[PDB]
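Here's the structure, in structure tokens; my notes come after.
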Amino acid sequence: XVXXX
Amino acid sequence: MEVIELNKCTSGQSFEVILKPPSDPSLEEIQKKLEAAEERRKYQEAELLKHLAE
Amino acid sequence: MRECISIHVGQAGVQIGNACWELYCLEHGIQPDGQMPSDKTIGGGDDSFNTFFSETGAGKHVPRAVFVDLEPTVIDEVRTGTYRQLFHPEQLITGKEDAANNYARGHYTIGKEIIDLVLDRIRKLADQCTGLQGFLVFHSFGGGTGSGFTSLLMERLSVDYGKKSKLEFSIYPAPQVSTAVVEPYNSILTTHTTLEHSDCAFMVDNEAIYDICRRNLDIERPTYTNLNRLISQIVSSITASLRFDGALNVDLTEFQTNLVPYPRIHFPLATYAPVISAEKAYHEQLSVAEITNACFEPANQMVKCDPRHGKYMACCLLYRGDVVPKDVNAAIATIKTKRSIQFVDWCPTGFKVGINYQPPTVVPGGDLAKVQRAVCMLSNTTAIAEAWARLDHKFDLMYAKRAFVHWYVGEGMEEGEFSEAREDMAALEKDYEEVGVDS
Amino acid sequence: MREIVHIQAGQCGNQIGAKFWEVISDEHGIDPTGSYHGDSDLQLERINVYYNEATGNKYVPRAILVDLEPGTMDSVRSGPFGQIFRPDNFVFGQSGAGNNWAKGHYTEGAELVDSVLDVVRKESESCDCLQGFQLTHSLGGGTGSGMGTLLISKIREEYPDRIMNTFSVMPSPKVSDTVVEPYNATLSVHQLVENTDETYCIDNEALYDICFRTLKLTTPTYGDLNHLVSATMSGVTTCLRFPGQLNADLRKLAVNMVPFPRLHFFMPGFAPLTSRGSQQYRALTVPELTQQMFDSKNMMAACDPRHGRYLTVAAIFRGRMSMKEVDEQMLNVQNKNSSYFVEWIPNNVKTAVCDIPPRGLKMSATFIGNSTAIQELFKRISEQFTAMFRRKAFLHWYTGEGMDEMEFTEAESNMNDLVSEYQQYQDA
Amino acid sequence: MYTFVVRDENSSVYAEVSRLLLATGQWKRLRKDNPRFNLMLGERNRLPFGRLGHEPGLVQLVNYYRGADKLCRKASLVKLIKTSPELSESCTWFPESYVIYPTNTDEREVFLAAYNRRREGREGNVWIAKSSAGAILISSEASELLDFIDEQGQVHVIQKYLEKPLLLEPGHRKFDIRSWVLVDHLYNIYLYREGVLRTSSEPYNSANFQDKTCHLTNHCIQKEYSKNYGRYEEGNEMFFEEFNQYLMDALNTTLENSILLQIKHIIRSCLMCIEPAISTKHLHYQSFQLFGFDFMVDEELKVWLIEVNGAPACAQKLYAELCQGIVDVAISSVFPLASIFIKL
Ligand SMILES: Nc1nc2c(ncn2[C@@H]2O[C@H](COP(=O)(O)OP(=O)(O)OP(=O)(O)O)[C@@H](O)[C@H]2O)c(=O)[nH]1
Ligand SMILES: Nc1ncnc2c1ncn2[C@@H]1O[C@H](COP(=O)(O)OP(=O)(O)CP(=O)(O)O)[C@@H](O)[C@H]1O
Ligand SMILES: Nc1nc2c(ncn2[C@@H]2O[C@H](COP(=O)(O)OP(=O)(O)O)[C@@H](O)[C@H]2O)c(=O)[nH]1
Ligand SMILES: [Ca+2]
Ligand SMILES: [Mg+2]
Ligand SMILES: [Mg+2]
Ligand SMILES: [Mg+2]
């Protein structure tokens with residue numbers, strides 16, 4: 001699971 | 001019914017109305033408790049700081 | 001003339017104190033400057049209002065009052081209050097770290113560090129009294145300071161002023177405006193410790209005054225300001241005899257005499273009428289017999305209970321304003337019939353009456369309408385015991401699991417003191433029971 | 001009980017810490033340079049709680065930024081409010097913690113901890129009356145988790161009578177694929193049961209599910225997850241930041257929320273749920289704020305409150321609304337779902353109403369529940385933990401830094417006790 | 001949705017009402033000690049009225065009137081009927097009585113003056129002994145049972161036996177009528193149209209007095225102490241419809257005129273008297289309560305009040321109709337959802 005502001 | 005003790009004045013009056021008749025601890029002693037809690041509390045804080053020292 | 005020093009403790013005590021001394025000033029015609037045009041005894045006097053006010057050469061009338069709060073925010077508002085010139089700095093005492101709704105914290109921890117400063121500031125007033133008759137203590141049951149530090153102070157005053165009188169104005173806790181879960185703890189705790197040091201105590205359930213404010217003043221969400229101005233009207237009725245010239249309840253000793261046969265059972269139920277909305281331009285002028293009858297309707301009581309299923313030991317009627325004895329004694333004759341008033345078999349089944357010709361003053365711009373006549377009944381009925389029962393059940397529920405107890409133990413208090421205070425209360429409910437029910 | 005000292009440790013800690021300051025700064029009308037430009041005066045009444053004052057009456061956050069690598073803090077310093085923070089209150093190393101609790105708590109972090117406590121001490125002396133500290137951090141990494149708990153243990157030693165508060169981000173495989181996070185989290189929990197008075201359990205499993213299911217974001221970002229945290233943090237501290245009557249300081253909150261010293265892990269909820277893209281043109285009704293704030297969908301902890309019982313509840317409503325109607329709906333939930341509230345704590349639900357609403361909303365409701373259902377969270381971590389520990393997997397990363405298997409067993413054991421303790425009172 | 005609790009499970013009546021409440025799908029039942037309830041089916045005794053009406057935002061109702069014990073307990077009722085002006089000592093419908101505390105406010109014994117007032121008497125006189133427990137003796141000579149009272153520790157009361165009761169034929173049988181009365185929170189006095197005759201099984205003879213069971217008409221005595229049951233009426237429970245028909249074909253009258261008017265009168269008199277003492281019109285909580293009045297009729301068709309049952313049981317036949325009726329009038333009037341009574 002890829003999650004950057 | 002009986003009215004009694006009619007006390008009057010310029011600022012008010014009062015009376016009684018009957019319908020039927022009948023049918024310490026010391027100063028130091030206080031402080032002994034205030035310090036008995038300061039110690040109990042200082043102890044529980046010593047045990048924490050003791051636990052934290054570990 | 002015998003002086004009375006008023007002691008306001010905690011948030012509740014100080015805020016109610018303001019409602020009172022504000023009302024006092026309106027009734028005695030004292031300005032926000034402390035100046036009194038009506039008064040001519042400049043510098044000093046033997047008047048009856050001098051029992052609550054001292055006098056200065058400049059002509060200022062200064063409340064014989066001390067304010068205390070472990071938190072500075074509340075008392076700070078007095079300092080910049082609309083009535084700020086009245087009080088001088090030495091009267092307003094403030095800490096910085098409050099008691100966080102913890103009795104133990106207010107009694108033991110924070111309490112020890114300020115008890116000797118407050119007694120010092122009280123002593124400075126006692127040394128301005130020619131014949132001090134006693135103290136009037138204002139506080140809450142639920143607060144940390146109100147419950148904790150109060151019980152500490154009462155213990156000291158029974159030593160420093162052993163033969164002087166001490167009367168209590170106490171706010172009983174109601175969930176509808178309470179701000180803590182542990183208020184039932186702080187309540188039982190402070191009562192047990194204070195019981196032997198209080199001669200007469202007037203309980204006020206926030207619940208009652210809240211509903212009264214809802215019902216009779218048409219207020220949706222009553223603020224404390226709403227709750228307080230109502231309380232002051234009550235308190236005024238109790239103290240008017242000390243501040244004005246009268247023959248009933250003329251000094252603090254008479255309160256214990258008239259209302260308190262059993263020293264432990266010293267919690268008279270207060271009932272007051274008429275409470276009228278000010279928004280109502282026209283309000284029906286309730287007659288003497290009408291407001292006298294209202295004294296027995298629970299909806300007007302300072303504590304919601306049922307006097308019908310209790311017995312009386314005393315009963316006072318304090319009328320203020322346009323009232324004459326003929327209308328009074330008439331209404332008394334009536335009520336004995338319609339209403340269930342049983343006295344104890346060792347008391348005369350009667351009423352002590354008093355009238356104060358000056359009528360109930362109201363704060364300009366308030367929620368209470370000025371009325372021509374009003375009454376405040378002080379009945380020492382056993383029905384008030386219902387309030388102790390309520391409070392004690394909530395106590396036992398939480399304590400069975402020792403919930404929140406660690407907060408108290410952590411302040412150096414002992415878990416045994418909880419048991420000590422609860423078993424003391426269990427005796428009070430028994431005493432109330434032995435006096436007012438058929439075996 | 002006046003000033004609070006804020007600390008943020010690690011990547012997660014500094015990101016949510018920064019976002020938290022971004023939000024409340026806007027609410028208190030403080031601009032990035034630190035000058036005040038707001039309408040209402042309610043904004044400046046209790047400003048001293050989180051901010052210090054300086055020359056030119058500039059407002060500086062009472063915040064200490066901690067990390068073992070310069071990455072996130074360089075980004076924060078070049079962030080939006082970057083220049084607001086006290087430059088000296090940036091305390092960072094270079095080695096990094098490598099998502100290792102041991103590195104953060106015993107070796108790499110021990111090498112830096114003293115320097116941080118110097119900044120803590122300097123801020124604590126500026127205080128007229130210190131309440132305590134709030135820490136923001138994740139439990140899944142190394143710095144925030146390991147070094148964070150170390151700082152707590154050390155701070156409790158210098159300030160044992162102060163209150164220790166934490167916003168702790170719990171790990172979830174739905175958000176991170178790092179295998180050792182359950183080790184880090186279990187070790188941290190042990191520390192938190194012992195050395196904090198209040199801990200807000202911010203669960204990344206919840207934040208993700210909220211973002212994906214409710215807010216319909218197919219690829220949730222950290223910014224999306226943090227928008228929720230930021231909203232929660234604002235609401236939870238509202239009673240602290242503006243004039244109020246209930247839970248107005250950390251100790252009073254703790255006394256109301258914590259019936260037992262170890263059970264201080266709160267379940268935060270919020271409504272209306274919002275995304276940075278969501279419009280929110282239609283303000284919610286008071287009944288709607290209430291039904292949602294108690295709804296599991298709005299819980300930030302990913303626990304089903306119907307599986308446990310509420311020991312205590314704090315509810316905070318924001319915005320101009322009928323305070324009358326608030327009481328009725330609050331009393332309605334209690335009386336409707338009375339079975340889910342423990343009977344042996346009468347009136348365990350307390351409510352406050354602040355007039356100033358959060359940024360972008362007219363009506364908002366925040367939830368703080370000490371539910372026994374929080375155990376489901378600790379149960380989740382415990383299983384992920386044992387799955388590896390029964391085979392002693394990945395332990396060499398930790399033993400290499402000086403730790404021993406026994407220290408794991410004790411942390412595992414203590415958190416199993418916590419779960420059982422939460423269960424003891426659920427059947428009461 | 002509504003919430004209620006139960007604290008008396010040994011009650012036959014409210015076990016049924018509790019059953020019917022749950023059948024509406026609008027009444028959830030709580031644990032017996034949950035404070036956040038709307039209704040309370042409280043306990044017969046020790047009911048804590050002091051805790052009701054103090055829960056914010058909860059309208060609270062209960063199935064008992066505080067202070068109602070003054071009318072239901074034996075010694076209290078008597079003291080009430082003579083001390084209360086609304087019911088003169090010279091009460092037409094209540095038999096002569098005097099309160100009796102053992103040797104251990106003793107009215108003991110201005111009562112004896114009444115006996116020697118019947119030493120001049122040719123009007124026979126016999127006085128009973130009944131009191132608290134279910135476990136009662138009857139004879140002319142007073143001193144006999146005065147020992148029986150001084151024996152046990154309970155408090156008692158003595159009252160003239162009705163020597164000429166109405167006798168049902170065939171059988172020459174004694175009986176008494178049980179009427180059920182419901183009072184709501186508005187103090188509307190409702191009478192259940194259906195009543196029952198607790199008839200005696202055997203003929204009534206004034207010969208023998210000791211455990212003679214033809215004197216007493218209790219369900220417990222008639223079933224246990226007699227080989228006589230169901231001969232004339234099943235259950236010894238003759239309902240009003242039959243008693244009505246009998247009185248016409250026998251004495252040429254109706255239940256309505258001969259008996260019911262007098263019944264309906266005593267009900268009003270008793271409850272209106274205690275009304276200001278127990279009413280919840282202005283209280284922080286509200287009350288309602290089911291009562292069971294026991295009446296005796298004599299050969300002159302004059303009705304007498306025996307006692308008032310505070311915790312009455314119902315006839316098996318009338319449960320479904322009455323317990324349903326209680327919900328309509330007492331509970332649903334206060335707690336609305338989404339006649340078999342007679343107002344007085
Ligand atoms: N009637 C009335 N009740 C009040 C008022 N202020 C507080 N209370 C009640 O008092 C209880 C809390 O006690 P407080 O007086 O606020 O606390 P405290 O004495 O300042 O002690 P601390 O714990 O240190 O704050 C609650 O049950 C409130 O409902 C007030 O101004 N008027
Ligand atoms: N003055 C009187 N005249 C005739 N019968 C009388 C009487 N006083 C009492 N009794 C008798 O008392 C008998 C039983 O009545 P009781 O007072 O026991 O009521 P009850 O059993 O239905 C309720 P409980 O006994 O539990 O209090 C009646 O059948 C009646 O015959
Ligand atoms: N919500 C949120 N979680 C984060 C963020 N950064 C890291 N995390 C979580 O924190 C854990 C990793 O800890 P991290 O803070 O990166 O390591 P640290 O620098 O050693 O403290 C993982 O479970 C991540 O999901 C962030 O910005 N927001
Ligand atoms: Ca003067
Ligand atoms: Mg306070
Ligand atoms: Mg990283
Ligand atoms: Mg190194």
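Labeling convention for the structure tokens: chains A, B, ... as they appear, residues from 1 per chain, ligands from 1 in order of appearance.
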
> Please, which residues of chain D lie no more than 12 Å from chain A when the count uses only C-alpha atoms, and can they be set out as an MDAnalysis selection string?
Replying inline: chainID D and resid 11:12 14:16 18:19 72 75:76 79:80 172:178 204 207:208 211:212 217:227 276

Let me see the file: selected residues, N, CA and C atoms, as a compact mmCIF listing (two decimals), in the first residue's frame.
# COMPACT_ATOMS: atom_id res chain seq x y z
N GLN D 11 8.59 11.59 12.25
CA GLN D 11 7.95 12.02 11.02
C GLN D 11 6.47 12.32 11.25
N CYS D 12 5.74 11.30 11.69
CA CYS D 12 4.31 11.43 11.93
C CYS D 12 4.02 12.55 12.93
N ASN D 14 5.78 15.27 13.82
CA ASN D 14 5.99 16.62 13.33
C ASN D 14 4.99 17.02 12.25
N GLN D 15 4.53 16.06 11.46
CA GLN D 15 3.56 16.37 10.42
C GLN D 15 2.21 16.76 11.01
N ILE D 16 1.70 15.95 11.92
CA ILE D 16 0.42 16.24 12.55
C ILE D 16 0.56 17.39 13.54
N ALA D 18 2.56 19.98 13.16
CA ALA D 18 2.55 21.17 12.33
C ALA D 18 1.13 21.52 11.89
N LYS D 19 0.41 20.52 11.39
CA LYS D 19 -0.96 20.71 10.94
C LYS D 19 -1.85 21.19 12.08
N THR D 72 11.92 15.74 7.99
CA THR D 72 10.60 16.32 8.20
C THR D 72 10.68 17.73 8.75
N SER D 75 11.34 20.28 6.26
CA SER D 75 10.13 20.48 5.49
C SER D 75 9.13 21.34 6.27
N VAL D 76 9.06 21.12 7.58
CA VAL D 76 8.17 21.90 8.43
C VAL D 76 8.66 23.35 8.47
N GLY D 79 7.70 24.78 5.69
CA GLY D 79 6.26 24.58 5.59
C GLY D 79 5.55 25.92 5.61
N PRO D 80 4.22 25.91 5.75
CA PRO D 80 3.47 27.16 5.72
C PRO D 80 3.80 28.07 6.90
N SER D 172 -1.29 0.56 11.45
CA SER D 172 -2.20 -0.35 10.78
C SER D 172 -1.62 -0.83 9.45
N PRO D 173 -1.72 -2.14 9.17
CA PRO D 173 -1.19 -2.64 7.90
C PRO D 173 -1.87 -2.01 6.68
N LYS D 174 -3.03 -1.40 6.88
CA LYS D 174 -3.74 -0.74 5.79
C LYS D 174 -3.04 0.54 5.34
N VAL D 175 -2.05 0.99 6.11
CA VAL D 175 -1.39 2.26 5.84
C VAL D 175 0.13 2.10 5.73
N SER D 176 0.69 1.18 6.50
CA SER D 176 2.13 0.90 6.45
C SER D 176 2.42 -0.58 6.24
N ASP D 177 3.44 -0.86 5.44
CA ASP D 177 3.85 -2.23 5.15
C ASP D 177 5.13 -2.62 5.90
N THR D 178 5.55 -1.78 6.84
CA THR D 178 6.71 -2.08 7.68
C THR D 178 6.34 -3.17 8.69
N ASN D 204 -4.74 4.75 12.58
CA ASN D 204 -4.58 4.91 11.14
C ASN D 204 -5.47 3.96 10.35
N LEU D 207 -8.62 6.11 10.24
CA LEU D 207 -8.43 7.26 9.37
C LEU D 207 -8.44 6.86 7.90
N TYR D 208 -7.91 5.68 7.60
CA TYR D 208 -7.89 5.20 6.23
C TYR D 208 -9.29 4.79 5.80
N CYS D 211 -11.39 7.71 5.17
CA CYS D 211 -11.02 8.39 3.94
C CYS D 211 -11.52 7.64 2.71
N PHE D 212 -11.49 6.32 2.78
CA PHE D 212 -11.79 5.48 1.63
C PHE D 212 -13.29 5.20 1.51
N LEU D 217 -12.34 8.50 -1.03
CA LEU D 217 -11.02 8.76 -1.61
C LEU D 217 -10.34 7.43 -1.92
N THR D 218 -10.17 7.14 -3.21
CA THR D 218 -9.67 5.83 -3.62
C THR D 218 -8.18 5.69 -3.36
N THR D 219 -7.47 6.81 -3.31
CA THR D 219 -6.04 6.81 -3.00
C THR D 219 -5.75 7.84 -1.90
N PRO D 220 -6.10 7.51 -0.65
CA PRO D 220 -5.90 8.42 0.49
C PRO D 220 -4.42 8.77 0.69
N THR D 221 -4.14 10.04 0.97
CA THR D 221 -2.78 10.50 1.21
C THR D 221 -2.60 10.82 2.69
N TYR D 222 -1.36 11.01 3.12
CA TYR D 222 -1.10 11.38 4.51
C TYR D 222 -1.81 12.69 4.84
N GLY D 223 -1.85 13.60 3.86
CA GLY D 223 -2.56 14.86 4.02
C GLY D 223 -4.04 14.66 4.29
N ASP D 224 -4.62 13.64 3.67
CA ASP D 224 -6.02 13.31 3.91
C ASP D 224 -6.20 12.74 5.31
N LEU D 225 -5.32 11.83 5.69
CA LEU D 225 -5.35 11.24 7.02
C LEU D 225 -5.16 12.30 8.09
N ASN D 226 -4.30 13.27 7.82
CA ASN D 226 -3.96 14.29 8.80
C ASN D 226 -5.01 15.38 8.93
N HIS D 227 -5.75 15.61 7.85
CA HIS D 227 -6.86 16.55 7.90
C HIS D 227 -7.86 16.10 8.96
N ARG D 276 -10.53 17.83 2.45
CA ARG D 276 -10.07 19.13 1.97
C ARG D 276 -10.74 19.52 0.65

> So which residues touch range 37-52 of chain B within 6 Å, counting only C-alpha atoms, skipping near sequence neighbours fewer than 6 positions away, as a list in words?
Replying inline: residues 411, 412 and 413 of chain C

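For ligand 6, the neighbouring polymer residues at 10 Å or closer are residues 10, 11, 12, 69, 71, 72, 96, 97, 98, 99, 141 and 142 of chain D, only C-alpha atoms and all ligand atoms being used.
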
> Got a sec: who's within 8 Å of residue 235 in chain C, counting only C-alpha atoms, leaving out chain neighbours fewer than 4 positions off, as a VMD selection string?
Replying inline: chain C and resid 20 231 239

Atoms kept (N, CA, C and O atoms) for selection, written as a short mmCIF file (atom, residue, chain, number, x, y, z; two decimals), in the first residue's frame:
data_model
loop_
_atom_site.label_atom_id
_atom_site.label_comp_id
_atom_site.auth_asym_id
_atom_site.auth_seq_id
_atom_site.Cartn_x
_atom_site.Cartn_y
_atom_site.Cartn_z
N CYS C 20 -25.31 38.56 45.75
CA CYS C 20 -25.79 38.98 47.05
C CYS C 20 -25.43 40.42 47.37
O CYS C 20 -26.31 41.24 47.62
N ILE C 231 -31.06 32.99 43.60
CA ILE C 231 -30.53 32.59 44.90
C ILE C 231 -30.37 33.79 45.82
O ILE C 231 -30.70 33.71 47.00
N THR C 239 -31.22 36.92 55.41
CA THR C 239 -30.29 37.81 56.10
C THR C 239 -30.86 39.19 56.40
O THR C 239 -30.27 39.95 57.17
#

> Using only C-alpha atoms and all ligand atoms, which protein or nucleic acid residues are at most 6 Å from ligand 2, as a PyMOL selection string?
Replying inline: chain E and resi 95+128+134+159-162+215-218+306-307
